[PDB]
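In this note's numbering, the protein residues as written are 5 to 717. Beta carbons: idealized from backbone N, C-alpha and C, even for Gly. Only one structure is covered here, and it is reproduced in the block below.
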Ligand SMILES: *[C@@H]1O[C@H](CO)[C@@H](O)[C@H](O)[C@H]1NC(C)=O
């Protein structure tokens, strides 16, 4: 409805209303209408309103840093940040991004990403988000937006909603049932809203046959009325289709204003015309401006002294510490047989694979615009969510420096030639093989991949490369840099493969991060944020070629499908090895949670009680092994069986504890009312069912160490 007084949004609204009263229609139309594709200096720009000292609003990509900048940090993709399971690193990433954005004189950063959530492993842009889980992605969304906006920068929660594949993204209709729409996909956007996100970007796709940027139900009823979003909705780039319907459905901002060619200017003069011809009421436009100006006042951008736009400025500072930390702590150790890792003092190391060295990807090459290539070391996927590297630390260069410092001889085979890799690996103590898979936004086809991936195999003949190295060496370590799940069964069937390092997407700090882990300066502590199956056929969704995706799987995506269908994955959601072991004890559940619908008045996030704590689950974690390591403890909740069909397990908590040998620590999971709720379609309300909730705590979604119950009368 409207934000409550005495809150940041409430005060922003008071300011916004006073500013609105000083404006005429042209002022207002200029505020809501982008100047045109490449019409201003930024990715998006609106028209200034000097009467209220409102600048031309400057909007820039993206979720991992400042796009087109030559003096900015390339932060890790969101998927790597979520792979840390570290709320502190996640918030810091947001803060550091915020700092660079403001320092570059940009008002709005186009991120973080809650949509796509990532139901299909082949999804081209899943890596921009925070994994497959709505709870984790939601927590990550909230932490990142707190971080960004604490600096005084506007964040943009995108893409709203159901943009789960790149193929035909501008035409396909996503048609899930109501409960699925709310309880799975909308969930993380509620976290974003509750975090006071300034803006939300509507998606390219249709939702139940209606384009997302024209959908009254999702934009007005769900986002604005049910989630109580007080900010503004912008379109993805040329995702607007009508002048009048888009406006009346709840669209607030036409971005960038035209199509690539300067056509399809649906607002601007056309909006002026639609208001004058009484097709769009002035009240609607007045609401657009209030939301936009409120976001400006909320972030304090009205105050004198905001830096001017300049993406040539070196705004990096020491922010690389975050990239280093996340690239490092987001690595998932998948296999460590015979404890080959960490490496001690081997006489010789073979380094094999084109992905070991600097290539056109790391170099910001003319052959790799928008990072549309997997050439040499990989740090992120491609598209609007990619940025320029200020530098790039290749795995090889970092491995060579560390190994040479201890007398270890390094032999490099820097291509993906199987015979060269064999020659390099022959007679060496260990062989480290580098493989990749890449994907991105659906306007670039890279090596026959239209955005989404064609398959879940390693690129550049990675499987055959590993097989050749295994023919020549007993002690193979496989390092994988990837936008998502790869079927590892061919690699795992080779007895010579002793270690598998799921390194993820490390950006500029690739090599340093890997060495930290490989040599055991730190223990790996990342855990998977998606399921790695034994077969491509174990996944229950595919990239759809037709005009419709019925989302027939409903609530059962990724690990929820694997649990429901009784399928054993190779590596489950929340799985990660360490150089040490941890044990869990002393499970306690404190709860005052009461059943029924949420009852609080709608504020940002929904009814005011939904994000409030109703319960607390606690476990002790001790490092029982030989070395220092951080453990990610996970809480999974099973709803009463009397409640409507729900996945058997749902992530509803996580904690990360660094523990030296013999150290014990407390993991505390705070449970919000919504964490015990399901969406009831008939009443359009979040409801806590009565009964006994299963409480499961452990090291992964399958490695449950302790169980208890939470009882709701
Ligand atoms: C942009 O910033 C760079 C680096 O700080 C500086 O050299 C240049 O003069 C600036 N450009 C403008 C137009 O102020």
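For the set 446, 580, 248, the Cα lying nearest the Cα of residue 336 is the one of 580. Short note on residue 392: C-beta not closer than 7 Å to any heavy atom of ligand 1. With respect to the 8 Å criterion, residue 357 and residue 439 are classified as neighbours on the basis of their beta carbons. In the three-state DSSP reduction, residue 215 falls in the strand class (E or B). For residue 76, the distance from the CB to the nearest heavy atom of ligand 1 is not below 7 Å. A direct Cα-to-Cα measurement between residue 76 and residue 281 gives close to 46 Å.
Boundaries of the alpha helix (DSSP H) harbouring residue 288: 286-302, taken from the DSSP string. At the C-beta level, residue 118 and residue 196 come within 8 Å of one another.
Nearest to residue 496 by alpha-carbon distance, out of 678, 537, 530, 63, is 537. A distance criterion of 7 Å places the beta-carbon of residue 582 beyond contact range of ligand 1, judged by its closest non-hydrogen atom.
For residue 209, the Cβ stays outside the 7 Å cut-off from all heavy atoms of ligand 1.
Distance from the CA of residue 315 to the CA of residue 68, rounded to the nearest whole angstrom, comes to 15 Å. In this structure, residue 691 sits away from residue 677, with a CB-CB distance that is not shorter than 8 Å.
Judged by DSSP in its simplified three-state form, residue 704 adopts coil rather than helix or strand. Relative to ligand 1, the beta carbon of residue 60 is positioned no closer than 7 Å to any heavy atom. For residue 63 against residue 259, the beta-carbon gap comes to about 7 Å, under 8 Å, which counts as contact. The segment 80-97 makes no contact with the segment 306-322, as fewer than three CB pairs between them are under 8 Å.
Not one heavy atom of ligand 1 lies closer than 7 Å to the C-beta of residue 108.
Short of 6 Å from the beta carbon of residue 710, and not among the five residues preceding or following it, lie these beta carbons of its own chain, in chain order: 588, 591, 701. DSSP places residue 143 inside the alpha helix (DSSP H), whose first and last residues are 138-154. It is roughly 42 Å from the alpha-carbon of residue 107 to the alpha-carbon of residue 555. With contacts defined by Cβ atoms closer than 8 Å, residue 563 and residue 187 do not form a contacting pair. If only uninterrupted beta strand (DSSP E) runs of at least 3 residues are considered, those enclosed by the segment 179-261 are 203-206, 236-239. Rounded to the nearest whole angstrom, the CA to CA distance from residue 410 to residue 432 is 16 Å. Rounded to the nearest angstrom, the gap between the Cα atoms of residue 145 and residue 657 is 15 Å.
A Cβ-Cβ contact shorter than 8 Å links residue 204 with residue 160. By a beta-carbon distance limit of 8 Å, residue 488 contacts residue 443. Their separation comes to about 7 Å. The closest CA to that of residue 666, considering only 641, 639, 585, is found on 585. If you compare the alpha carbons of 614, 582, 561, 620 with that of residue 594, the shortest gap goes to 620. In this chain, the beta strand (DSSP E) harbouring residue 627 covers 617-627.
Under the three-state reduction of DSSP, residue 30 is assigned to helix. Look at residue 566 here: in three-state DSSP terms it is helix.
A distance of 8 Å or more separates the beta carbons of residue 637 and residue 332.
Screening all residues for a C-beta within a distance smaller than 6 Å of any heavy atom in ligand 1 leaves 314, 316, 317, in chain order.
Residue nearest to residue 216 within the set 717, 251, 231 is 251 (criterion: CA-CA distance). Closest in alpha carbon position to residue 353, among 392, 428, 341, 388, is 428.
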